[PDB]
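Take a look at the structure set out below.
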Amino acid sequence: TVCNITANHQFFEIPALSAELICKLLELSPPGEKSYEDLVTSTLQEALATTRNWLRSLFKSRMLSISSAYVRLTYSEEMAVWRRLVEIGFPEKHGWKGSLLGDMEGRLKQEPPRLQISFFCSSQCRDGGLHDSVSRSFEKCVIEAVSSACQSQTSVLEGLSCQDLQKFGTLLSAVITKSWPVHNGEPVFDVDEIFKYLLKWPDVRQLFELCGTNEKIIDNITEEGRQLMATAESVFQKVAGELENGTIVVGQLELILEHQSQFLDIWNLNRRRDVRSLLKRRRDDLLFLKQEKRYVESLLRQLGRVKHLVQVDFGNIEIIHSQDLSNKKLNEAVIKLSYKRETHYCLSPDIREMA
Amino acid sequence: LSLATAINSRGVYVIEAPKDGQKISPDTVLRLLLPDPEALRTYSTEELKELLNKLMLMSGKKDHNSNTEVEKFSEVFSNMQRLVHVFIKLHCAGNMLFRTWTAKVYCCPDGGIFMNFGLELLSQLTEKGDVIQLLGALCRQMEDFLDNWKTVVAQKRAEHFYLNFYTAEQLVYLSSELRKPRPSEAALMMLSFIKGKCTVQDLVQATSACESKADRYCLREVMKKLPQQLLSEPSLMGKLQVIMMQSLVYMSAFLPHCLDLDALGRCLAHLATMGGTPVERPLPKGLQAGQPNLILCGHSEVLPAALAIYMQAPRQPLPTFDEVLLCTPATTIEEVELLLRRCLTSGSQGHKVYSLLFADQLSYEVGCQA
Amino acid sequence: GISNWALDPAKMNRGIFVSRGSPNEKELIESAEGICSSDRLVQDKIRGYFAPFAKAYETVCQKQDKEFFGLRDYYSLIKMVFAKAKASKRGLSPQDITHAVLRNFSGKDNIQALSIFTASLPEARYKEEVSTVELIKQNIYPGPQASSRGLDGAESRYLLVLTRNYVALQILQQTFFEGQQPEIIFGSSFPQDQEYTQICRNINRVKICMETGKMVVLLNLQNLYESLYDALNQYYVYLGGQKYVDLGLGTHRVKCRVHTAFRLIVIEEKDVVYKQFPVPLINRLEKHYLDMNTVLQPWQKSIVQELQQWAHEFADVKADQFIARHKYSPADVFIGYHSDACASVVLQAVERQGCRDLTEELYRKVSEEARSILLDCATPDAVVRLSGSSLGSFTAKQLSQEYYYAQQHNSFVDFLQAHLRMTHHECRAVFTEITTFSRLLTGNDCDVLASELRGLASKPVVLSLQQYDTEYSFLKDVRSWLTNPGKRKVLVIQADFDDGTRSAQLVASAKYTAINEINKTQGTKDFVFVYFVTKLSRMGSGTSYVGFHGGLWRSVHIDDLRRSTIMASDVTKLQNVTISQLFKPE
């Protein structure tokens, strides 16, 4: 009879008192048969049934309707209600905590993931309250919203002003461990797939910018995220320290020329822990190798268009051309005093202008 | 095409059960007749199948009469061939009622079915109307009759033990032969496996002492009630249902020249009791006498091991086609089922060992059914 | 005596015997030049690719073990390359080469034919993904640029679609088949039909569809291979600028006319293809594989997994309203769930979208449409139990509001009167299967349904599926329903899965027969609404029911078919009041 006369939600104190009353009457009684246990279970069931029908009685709409690009609760003192009515201590062999938190996830998963993440850093999901369990519910739901927004191709963080640093580091740990390139569940062991992950996904450069701006974000991640961050950072350091010499596999060179802007951004982030002219030299040497390779296949097909008539022994080039271009660029010898000899040993420059 | 319209105008399908010495394949049961001058043209079913293939795949005229004539011919022929299918199932199951059956089917519009038996106490059945529904109802009726006939012959095989010695056509031949005053020597030698050195005096004693004279009173009661019992039904399905249920319950009322399964089973069990000294066989020391005894031998030592088994009682006479079955590829299911009926039914006056040699050599379907 | 397998010399001492082992590389490049000899400039442009394709084909046919690829594959590769080079007038892009290689040398699983054909051809690396669905779409649907010349030598072979668990036709009928549905030829399962007459009628339907030029989807071929191999060969006899191919029945061979736009698709299991087809057949049919992982993008697979988790927490309800332990499976809650249904649901949602580009405004509504598809086939006591479910109480609130106000689950008449007034755009026929636990409609209930559809429908013909031995009787009744006047026809086919009848594998044959007779018999002024209502039990048959068939079938669970004149048609109203307040006077 007191749940049926409060419909203003600033009056949550009154059903909070009327549920702390049955809490107090429960916490004083003596244990005896099984009539007392069935009695206390039945009375707690009826009390939470009345509580759930009250919360469905005055929450007849959604949460965090935006309407202003400044997403806010439409029942602005709602999180106070959930904090007060969840923190009261029933015996936890029953529900009241497996149920109301399931209620909060089902009310919160009614929201799209973009608006949920935009509210999560909006200074109204404040007071991370030292294992306040509704905040752990919201941590789990925001990690699930991160997982649902990374199964889609929408970049998460381009508007987050999230100066509470604990939840921001937890969201970053979420986006790392749930955006990482799994292959039936996290094998990487390599450098190529991790490097395509860095160059193609747009949240990675923002991640490295915000964790290299301040050391106060890398200190609170996980045990798992720092090993995966160390693996990604070792892969990028190995690859872009292999640009100073010619040892780069030309697959990674076609990848970085297809992905110019992201690589320039991450490298511009990396100088603070020349590159225009070094990219022009590597681009010129790549274009020279590919145009020299087009001449040799046109020569091979022209002598293959007369293959019935006169056959030619192609020096060593018959095997060198058959190999794939997962080969290292230092074997293609852009020496000075100039020419650029390759692994295709073209027997003179005569055959080069002929080709 | 105009041949197909002539079939749908005056063609007559004939099921005949051919009187010649040839077998009872579906190629030689069905015929088709065309009258005209005044000559006639008879088609077997292979030429109707080649014409239907030429007509289903001929060029589309794009007219409603053309494709409705091909569809009418194809549907009447498929229902008629399905009637042939159910008829051959009833034949090979062994029936002696639908043995001398015959049926003309008139493909005229409102042509009808003209049905006839090879019986003296029955009359020329006929019914006009829509041909496809008559064939559909007739085929459903004949399918229910095949299921009821298999149930009745199963319950006659279950209550008469010696009837399980013979297959369907062997029981048909014996039922035709024992009512004769001088039966054939092949019948009087195939019955030597039950009696032993059987002769005509033992057989006339058995066929005189089998059936009473109250069966005469109930068949005459049927013969006088049946004219005012057929005329209570307006259509053919009711008359056939009356004839088929009374053929189920009183078979010798329709066929007054052959024994039914009750009198055959009583005659065989009587022939069994004139000649005594039955066979008593023990199983060997290490074979249980209440369950299967599956034995795995190796292919060279199967045929000796059965001869090991049957020496547990010497001076008992040698086995015959009962109590040993030599299974092999192309062994039908009825041989195995009749051996299992000989092993698992009651009135046998002895103890005999029932063997399946090379029972692995059967096919998968025969093995699942067994 | 033509043969593909070898022969013994005791028969060929009679006459002359000609044997050929296998063509070597010079005979292959000579055969390629003999194909491309019909034009001079394109052949002298693309002679550079003949010897690479020949060496690459030889490495393919030596790499594999079963003789899966043969000379028709290389010949069709050369023909398709030659057709693209004729129609292009500039040469070959690597996109054209990778489409030719991947349309021709597909179907085999332990062969990476792109990597083999681009090992020797290092220019033709295509870094973009090529879906199997667009290769199937450009096999089935060529435009007016293709097949517009003298004769037809650049025509494709046909399709063979290899699958698991018989799931090609749903994908082909949602994603691919546009405008006019094909004429499905299938191995009919009506009882007491003879196989020979059904083969004859199926070949008649194939022959009519070759004449009129609509597509053919074969669901059997091991009955039809002897009668269609010369059509699969695609060698034509030209009379009057018209192509004629040989078709056979028994020993009867005739030349039948083939229309210039005719397509054939065989649908077959991957296993049956790999162990029962004789392999002239695999070489004639341009294989592709399409199971469900082929057509689903990875984010759609994540929607599938999230939806399975959503179903398993929709079903698993933890409450002590009655002191009993009965944990509910999502097969129990969703009548039809069979641990492969959520992929079908996600495919139905994506094909209801029509936009199809992943943008987080589409992803959310694919997820909500998938939840709506599951909710549209759930029992109402499950929606009442949903208050104590693991989802919550506001999710259960919005699902109950959708189940009782958006989706019509009252009765059969209300589903009609809400289904007829929906303005179906570009759908001339709307097909819905309905699952129920009530009794099926009698013939007195059909009169009430007709009188309550006095101004809307056109006297719904109700057919009972147990009353049909043969197929022709069913076709007679469907045609008698079709030839009646009036628009907005309604057909109701009725199966019962809980009785002594075998009418539980008749469902697919009935649906295929109905769909073929509608596609060949319906006009363009009348609309068609075919409902297939099936009767189930709560005694374990409602959970053993294989359910959410896609294609052109929308799946609903109406609980009772008959509009009740006793209780109110709203469970929420009964959920507000209690039993004493039900008897409260005015």
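Lettering and numbering for the structure tokens are positional, with chains as A, B, ... in the shown order, residues counted from 1 in each chain, and ligands counted from 1 in the shown order.
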Residues near range 305-311 of chain A, anyone? I mean within 12 Å using only C-alpha atoms, not counting same-chain ones fewer than 2 positions away, as a list in words. residues 297, 298, 299, 300, 301, 302, 303, 313 and 314 of chain A; 25, 26, 27, 29, 30, 33, 43, 44, 45, 46, 47, 48, 49, 50, 51 and 52 of chain C
Please return, as an MDAnalysis selection string, all residues of chain A lying within 10 Å of chain C when only C-alpha atoms are considered. chainID A and resid 41:42 45 49 52:53 55:56 59:62 98:114 147:154 290 293:294 297:298 300:305 307:308 321:325
Please identify which residues in range 98-304 of chain A DSSP calls helix (DSSP H, G or I) from the backbone, and express them as a PyMOL selection string. chain A and resi 100-108+113-120+133-151+165-179+192-200+203-213+224-241+250-258+260-270+276-302
Would you mind exporting the chosen residues as a compact mmCIF listing (two decimals), in the first residue's frame, restricted to C-alpha atoms?
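The result, stored in selection-v2.txt:
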```
# COMPACT_ATOMS: atom_id res chain seq x y z
CA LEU A 100 17.59 -6.23 -9.85
CA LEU A 101 20.95 -6.21 -11.65
CA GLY A 102 19.41 -8.37 -14.38
CA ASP A 103 16.62 -5.80 -14.44
CA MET A 104 19.17 -3.02 -14.90
CA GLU A 105 20.95 -4.81 -17.74
CA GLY A 106 17.63 -5.47 -19.50
CA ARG A 107 16.62 -1.83 -19.10
CA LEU A 108 20.08 -0.61 -20.18
CA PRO A 113 25.61 1.31 -27.80
CA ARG A 114 26.68 4.77 -29.04
CA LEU A 115 24.33 6.62 -26.69
CA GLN A 116 25.23 4.28 -23.82
CA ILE A 117 28.97 4.91 -24.27
CA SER A 118 28.27 8.64 -24.69
CA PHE A 119 26.45 8.63 -21.35
CA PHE A 120 29.18 6.53 -19.70
CA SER A 133 27.54 -3.51 -7.51
CA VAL A 134 25.25 -1.49 -9.77
CA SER A 135 28.41 0.21 -11.03
CA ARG A 136 29.86 -3.24 -11.75
CA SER A 137 26.62 -4.02 -13.60
CA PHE A 138 27.23 -0.86 -15.62
CA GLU A 139 30.89 -1.82 -16.21
CA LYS A 140 29.79 -5.20 -17.59
CA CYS A 141 27.06 -3.63 -19.74
CA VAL A 142 29.45 -1.01 -21.14
CA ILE A 143 32.00 -3.73 -21.97
CA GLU A 144 29.17 -5.57 -23.76
CA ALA A 145 28.23 -2.33 -25.57
CA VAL A 146 31.88 -1.97 -26.62
CA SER A 147 31.76 -5.55 -27.93
CA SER A 148 28.57 -4.80 -29.85
CA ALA A 149 29.99 -1.59 -31.34
CA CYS A 150 33.21 -3.34 -32.43
CA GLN A 151 31.31 -6.15 -34.11
CA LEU A 165 40.19 8.22 -15.40
CA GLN A 166 39.09 4.86 -13.94
CA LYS A 167 36.12 4.30 -16.25
CA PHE A 168 38.10 5.62 -19.23
CA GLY A 169 40.90 3.14 -18.59
CA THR A 170 38.34 0.35 -18.18
CA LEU A 171 36.66 1.24 -21.50
CA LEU A 172 40.06 1.24 -23.19
CA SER A 173 40.86 -2.19 -21.71
CA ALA A 174 37.46 -3.30 -23.06
CA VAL A 175 38.07 -1.98 -26.58
CA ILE A 176 41.54 -3.60 -26.66
CA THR A 177 40.55 -7.07 -25.46
CA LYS A 178 37.32 -7.07 -27.52
CA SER A 179 38.73 -5.49 -30.70
CA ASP A 192 51.38 -8.82 -40.28
CA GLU A 193 47.82 -9.23 -38.96
CA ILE A 194 48.51 -7.03 -35.92
CA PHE A 195 49.97 -4.36 -38.23
CA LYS A 196 46.98 -4.43 -40.58
CA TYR A 197 44.82 -4.15 -37.43
CA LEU A 198 46.75 -1.00 -36.42
CA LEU A 199 46.62 0.59 -39.87
CA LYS A 200 42.99 -0.16 -40.68
CA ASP A 203 40.42 3.67 -32.74
CA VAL A 204 44.00 2.34 -32.49
CA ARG A 205 45.76 5.64 -33.26
CA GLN A 206 43.41 7.45 -30.85
CA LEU A 207 44.19 4.77 -28.24
CA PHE A 208 47.94 5.21 -28.64
CA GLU A 209 47.56 9.02 -28.59
CA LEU A 210 45.63 9.00 -25.33
CA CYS A 211 47.83 6.40 -23.62
CA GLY A 212 51.03 8.12 -24.74
CA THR A 213 49.82 11.55 -23.72
CA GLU A 224 45.78 -9.00 -20.21
CA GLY A 225 45.69 -5.57 -21.83
CA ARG A 226 49.27 -4.68 -20.97
CA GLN A 227 50.60 -7.90 -22.55
CA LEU A 228 48.50 -7.26 -25.67
CA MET A 229 49.54 -3.58 -25.71
CA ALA A 230 53.17 -4.68 -25.34
CA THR A 231 52.76 -7.11 -28.23
CA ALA A 232 51.22 -4.45 -30.49
CA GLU A 233 53.90 -1.93 -29.50
CA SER A 234 56.70 -4.45 -30.08
CA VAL A 235 55.22 -5.30 -33.50
CA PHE A 236 55.01 -1.63 -34.55
CA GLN A 237 58.52 -0.93 -33.19
CA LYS A 238 59.93 -3.98 -35.00
CA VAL A 239 58.27 -2.99 -38.28
CA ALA A 240 58.95 0.77 -38.24
CA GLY A 241 62.49 0.28 -36.97
CA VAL A 250 57.55 -5.77 -49.43
CA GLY A 251 54.11 -6.97 -48.33
CA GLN A 252 54.35 -4.56 -45.42
CA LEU A 253 55.53 -1.91 -47.89
CA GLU A 254 52.42 -2.26 -50.09
CA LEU A 255 50.36 -2.19 -46.86
CA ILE A 256 51.94 1.06 -45.63
CA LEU A 257 51.54 2.72 -49.05
CA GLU A 258 47.87 1.71 -49.16
CA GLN A 260 49.49 6.32 -45.81
CA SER A 261 47.51 8.56 -43.45
CA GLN A 262 47.16 6.17 -40.50
CA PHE A 263 50.87 5.26 -40.69
CA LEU A 264 51.91 8.95 -40.81
CA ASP A 265 49.65 9.61 -37.79
CA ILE A 266 51.03 6.73 -35.70
CA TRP A 267 54.62 7.66 -36.68
CA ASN A 268 53.96 11.32 -35.81
CA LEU A 269 52.69 10.02 -32.50
CA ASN A 270 55.85 7.87 -32.15
CA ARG A 276 58.57 12.68 -45.99
CA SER A 277 61.72 12.11 -48.05
CA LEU A 278 62.18 8.56 -46.70
CA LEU A 279 58.67 7.67 -47.84
CA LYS A 280 59.38 9.22 -51.24
CA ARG A 281 62.57 7.12 -51.58
CA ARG A 282 60.82 3.88 -50.56
CA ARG A 283 57.85 4.73 -52.81
CA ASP A 284 60.15 5.40 -55.77
CA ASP A 285 62.04 2.15 -55.19
CA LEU A 286 58.72 0.26 -54.94
CA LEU A 287 57.43 1.78 -58.18
CA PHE A 288 60.78 1.01 -59.87
CA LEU A 289 60.68 -2.65 -58.77
CA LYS A 290 57.08 -3.07 -59.96
CA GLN A 291 57.69 -1.43 -63.34
CA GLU A 292 60.85 -3.50 -63.81
CA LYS A 293 58.83 -6.60 -63.00
CA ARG A 294 56.17 -5.62 -65.59
CA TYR A 295 58.92 -5.42 -68.23
CA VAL A 296 60.19 -8.89 -67.36
CA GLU A 297 56.70 -10.48 -67.57
CA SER A 298 56.09 -8.77 -70.93
CA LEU A 299 59.45 -10.15 -72.13
CA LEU A 300 58.55 -13.62 -70.84
CA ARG A 301 55.12 -13.57 -72.52
CA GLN A 302 56.57 -12.33 -75.82
```
Which residues are close to residue 340 in chain B, i.e. within 10 Å by only C-alpha atoms, leaving aside same-chain residues fewer than 5 positions away? Reply as a list in words. residues 164, 323, 334, 335, 345, 354, 355, 356 and 370 of chain B
Just-selected residues, N, CA and C atoms written as a PDB file, in the first residue's frame:
```pdb
ATOM      1  N   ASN B 164       2.805 -73.296 -41.933  1.00  0.00           N
ATOM      2  CA  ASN B 164       4.081 -72.606 -42.006  1.00  0.00           C
ATOM      3  C   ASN B 164       5.162 -73.407 -42.720  1.00  0.00           C
ATOM      4  N   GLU B 323      13.761 -76.925 -40.380  1.00  0.00           N
ATOM      5  CA  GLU B 323      14.741 -76.987 -39.284  1.00  0.00           C
ATOM      6  C   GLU B 323      16.184 -76.706 -39.707  1.00  0.00           C
ATOM      7  N   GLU B 334      10.480 -64.605 -47.151  1.00  0.00           N
ATOM      8  CA  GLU B 334       9.457 -65.558 -46.736  1.00  0.00           C
ATOM      9  C   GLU B 334      10.055 -66.880 -46.261  1.00  0.00           C
ATOM     10  N   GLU B 335      11.222 -67.279 -46.781  1.00  0.00           N
ATOM     11  CA  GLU B 335      11.872 -68.499 -46.300  1.00  0.00           C
ATOM     12  C   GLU B 335      12.334 -68.341 -44.856  1.00  0.00           C
ATOM     13  N   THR B 345       6.430 -71.347 -32.956  1.00  0.00           N
ATOM     14  CA  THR B 345       5.007 -71.610 -32.796  1.00  0.00           C
ATOM     15  C   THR B 345       4.800 -72.987 -32.182  1.00  0.00           C
ATOM     16  N   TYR B 354      16.494 -75.628 -34.960  1.00  0.00           N
ATOM     17  CA  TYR B 354      16.197 -74.806 -36.126  1.00  0.00           C
ATOM     18  C   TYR B 354      17.405 -73.934 -36.437  1.00  0.00           C
ATOM     19  N   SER B 355      18.011 -74.153 -37.603  1.00  0.00           N
ATOM     20  CA  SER B 355      19.303 -73.567 -37.930  1.00  0.00           C
ATOM     21  C   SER B 355      19.189 -72.588 -39.091  1.00  0.00           C
ATOM     22  N   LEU B 356      19.947 -71.497 -38.991  1.00  0.00           N
ATOM     23  CA  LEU B 356      20.185 -70.546 -40.075  1.00  0.00           C
ATOM     24  C   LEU B 356      21.659 -70.637 -40.445  1.00  0.00           C
ATOM     25  N   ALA B 370      13.923 -59.656 -41.066  1.00  0.00           N
ATOM     26  CA  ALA B 370      13.990 -60.853 -40.235  1.00  0.00           C
ATOM     27  C   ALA B 370      14.251 -60.547 -38.764  1.00  0.00           C
TER      28      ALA B 370
END
```
Taking 2 positions as the minimum chain separation for residues in the same chain, which residues sit within 12 Å of residue 482 in chain C when counting only C-alpha atoms? Answer as an MDAnalysis selection string. chainID C and resid 458:461 475:480 484:491 514 517:523 526:530
